[PDB]
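Only one chain is shown below, in structure tokens, and it's the form deposited in one PDB entry.
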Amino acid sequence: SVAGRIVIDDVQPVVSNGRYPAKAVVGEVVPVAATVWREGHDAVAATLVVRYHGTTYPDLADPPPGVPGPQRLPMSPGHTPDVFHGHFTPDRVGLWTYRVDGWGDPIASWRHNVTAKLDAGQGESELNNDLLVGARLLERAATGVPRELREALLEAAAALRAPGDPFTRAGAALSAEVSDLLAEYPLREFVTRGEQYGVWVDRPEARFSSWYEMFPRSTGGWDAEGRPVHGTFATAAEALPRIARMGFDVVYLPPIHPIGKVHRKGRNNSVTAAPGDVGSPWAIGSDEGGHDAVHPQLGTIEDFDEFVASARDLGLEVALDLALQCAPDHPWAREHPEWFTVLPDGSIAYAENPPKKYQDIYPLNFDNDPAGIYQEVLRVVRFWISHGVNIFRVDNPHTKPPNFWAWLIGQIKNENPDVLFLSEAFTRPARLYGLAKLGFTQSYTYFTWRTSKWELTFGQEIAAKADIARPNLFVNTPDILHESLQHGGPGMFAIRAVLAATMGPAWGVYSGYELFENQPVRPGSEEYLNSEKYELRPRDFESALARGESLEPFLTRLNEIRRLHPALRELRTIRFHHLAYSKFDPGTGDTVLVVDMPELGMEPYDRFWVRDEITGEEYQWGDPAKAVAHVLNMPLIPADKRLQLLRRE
């Protein structure tokens, strides 16, 4: 939004007036729309300049006191008065930013004038005041294309000058030949420098990703006496072949450092512990270790290393729990008293947030000693990225200053701008949409409570915020046991597993969803029966599968269909017809329909063939015990078309 010879107002996308960049993935068509206007009645034109600016990361929030701080592209008019649409697709990861240029254009105003005046029936008599400019028109259009290919200016400018037939004098200048040269090197007149707006372009996984959630402690199993055994790192390097098949490319883990021993929480949501209890993983800090130190019962820091490589050459990506939540036997509760919400006595208050309380933890303080805390925390993350961490699962980020978030995001991404984020928060949209703005790559949504087709109409809200926020559709996580699942039965698994895959290009699953687990601790609760974040929950996938009651063969099918269709990496394409929804593809063209024709690209009457991936049923268009769903390859739309409903306005 600037002022000038050409006025360029309302140029999408720009986030919070530019205090942040828009967020994209590489190889994704990104549209930028723009109303622009002028005076009189003469033709107006524009440009979409896109250049790459490396990997250096801009600091988007002002840090606290001690702590530290070209391709010209085209824009085709739409069907909305004075708004324009161009489209760029970034190939490299790193800093990219779009700037819109505005220039009035004459080649086309007289080239139209020629059209109108002779189909209205006029000769050479009336108009030659109008074309003697045309040779003088093409006289500097000449200055704007090379000397060797000047000879081919002179002819038509002469094929305008010398006396000939109305049709003969113009025909030279109308040809594609003459048309070819000014679609490539045009005469740009009266240019207004637009404002240079930004878009940071991440990896794809950052948008098309298959997430999982598993406990490695839980990989312990059963002993000769039939008790649940603790799982260690080695125990877990065996567990992935299973997961790696299903389709996931990134595997998140609950925190993997020592759990404290005091205020520790017992089995079934207890504060009373029993002899040999594991407790809450998210309550970090026993004596023998902290946030960078491993839990003695999963191994050591080196045996950890053997573990992630196992993901390296399987095709999977560890996504660690980065929790800022200490147990009172922490190596900092004594070490650093500073970073706490001290009570005047000398004690630090148990972390509480209503109405769910946690004795077994204490909540950190940056307003106490911001300078001290902040750095340690990166010296912990820096620890991990080296270990081969390219995703960090961030817990309670609305409890932790966004400033802080934005300052770090910088520091890591300034070093390696390849490690990607997920904000797993469910909160006020004014707060909720606020984080990723600051730079959180990905996001958690309130997908859970939203059940109605008129709620899922979620979809309308989500697609519109594709420019910034990126949500992850975890169909399940440890903390809330959604009642639908508990009542819709083994069928309700499929369907909630179907929005999340089809609606969410990046989505998530917690171990056990496959096993149809639906029992809570008590009636009406959405807490899991005998929670794994209070217990070890070894489970037999072989059985359910072998006994032919697993979701495994189907969620690979689901993941198979996802990688099969490039439309399902993308957010903005989503359409909602009459739950039944469609998504189209920009590059390949690929449309799919998951069970409004303009979005289909085909005319209102036509008959067409739709092919099944869930089933395998090809049909000509215009039982939950078998297939509860029905996802189809829709007829494609060609390059030129794909980009036209891609139009932001």
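Between two forms, the rigid core is defined as the largest C-alpha subset superposing within 1.5 Å. We number the residues from 1 along the sequence you see.
This protein has a second form, the form deposited in another entry, left out of what is shown; the following refers to that one.
Legend entry - Entry of 498, 314, 273, 174 that shows, once the rigid core is matched between this form and the one not shown, a C-alpha shift of 2 Å or more: That would be 174.
Legend entry - Large Cα shift (2 Å or above) at residue 113 between this form and the one not shown, core-fitted: Yes, residue 113 moves 2 Å or more.
Inset, instruction - Return yes or no for residue 290: a CA shift of at least 2 Å between this form and the one not shown, with the rigid core superposed? - result: The answer is no; the displacement is under 2 Å.
Legend entry - Per-residue C-alpha change between this form and the one not shown, residue 153, threshold 2 Å, rigid core fit: Moves: yes, 2 Å or greater.
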